Ligand code: HEC
Ligand code: HEC
Ligand code: NI
Ligand code: NI
């Protein structure tokens, strides 16, 4: 899968969590988001195609996925503890991670 | 200044920027936010007193302020270009940083 695919997965599944018709859909969507974020961390965004892997722009891009994965894991822990409403509230706060990275690099 | 006064400065100046309609107003408010964030960048929240300076929790707290200052700096550059509406949109996006740190450490 490519970066565009990963971003579609992130977008669809964030919306799944918001509209989840049952509690179990939340964990499943978070699981897919986690994998998409780790896959996207290994891509080069078009606006950074000139930059080397050691460039500060690429460093911040990769770090954004690490941080998103950490907050996905926090929400997964809540869901796995049965605190699914808390997990859904935590998932809503993931949008700020999308917005921040996009501000820089989308 | 203390943490609570620094936080009040950030809180009030976000609204100053939203209320503004010219580049000088936005620049002046962003400059005040920058000074507040810096004054608190080296401090320690109550819930982290018993933590090493290099602990993961302290490191994430400090990265919170460093990253907020970076995005204030980016919004300042927009104001300095006369890009009032873009600077205001960047300022509104700062709220993600506020809520992210609070949810971890408030
Ligand atoms: C960087 C660390 C990112 C994070 C976190 C998220 N996204 Fe992203 N996104 C990023 C880039 C660099 C791009 C541009 C990709 C390109 O090839 O142009 C995008 C793009 C999107 C898109 C549009 C995809 C397309 O087909 O053009 C969507 C729908 C999208 N991103 C969604 C999305 C969501 C919902 C995120 C949070 C859960 C998210 N992204 C995180 C970089 C980064
Ligand atoms: C961590 C890196 C933070 C960032 C970024 C922001 N804030 Fe914050 N805030 C933080 C702490 C640890 C605290 C509590 C301090 C304590 O000793 O309890 C706060 C508190 C506030 C408050 C309430 C003030 C009070 O006296 O309780 C407000 C109104 C506030 N913070 C606003 C605010 C805004 C608008 C921010 C972004 C622009 C922001 N904070 C960032 C830690 C951190
Ligand atoms: Ni975090
Ligand atoms: Ni950033």
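Observations on the model:
- Any hit, segment A:51-59, residues being in contact (Cβ under 8 Å) with a residue 40 or more places away in the chain, more than 14 Å from chain B (Cβ to nearest Cβ) and in contact with a helix residue (DSSP H, G or I) (Cβ under 8 Å, 6 or more places away or on another chain): no
- Counting only residues that are more than 16 Å from ligand 4 (Cβ to nearest atom), surrounded by fewer than 18 Cβ atoms within 10 Å (Cβ to Cβ) and assigned to a helix (DSSP H, G or I), segment A:75-103 holds 6 of them.
- Note on segment B:1-44: among residues that are more than 9 Å from ligand 2 (Cβ to nearest atom) and outside any helix (DSSP H, G or I), the one that is farthest from the other protein chains (Cβ to nearest Cβ) is B:1.
- When B:95, B:83 are checked against the criterion of being more than 11 Å from the chain's Cα centre (by Cα) and either touching a residue at least 40 places away in the same chain (Cβ under 8 Å) or more than 13 Å from every other protein chain (Cβ to nearest Cβ) (or both), B:83 stands alone in meeting it.
- Qualifying residue in segment A:23-31 (condition: closer than 23 Å to residue B:93 by Cβ and in contact (Cβ under 8 Å) with a residue 24 or more places away in the chain): no
A short reminder: the numbers here are calculations on the coordinates, not readings from a lab. So basically every Cβ, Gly included, is an ideal-geometry build from the backbone, and we count neighbours across all protein chains shown.
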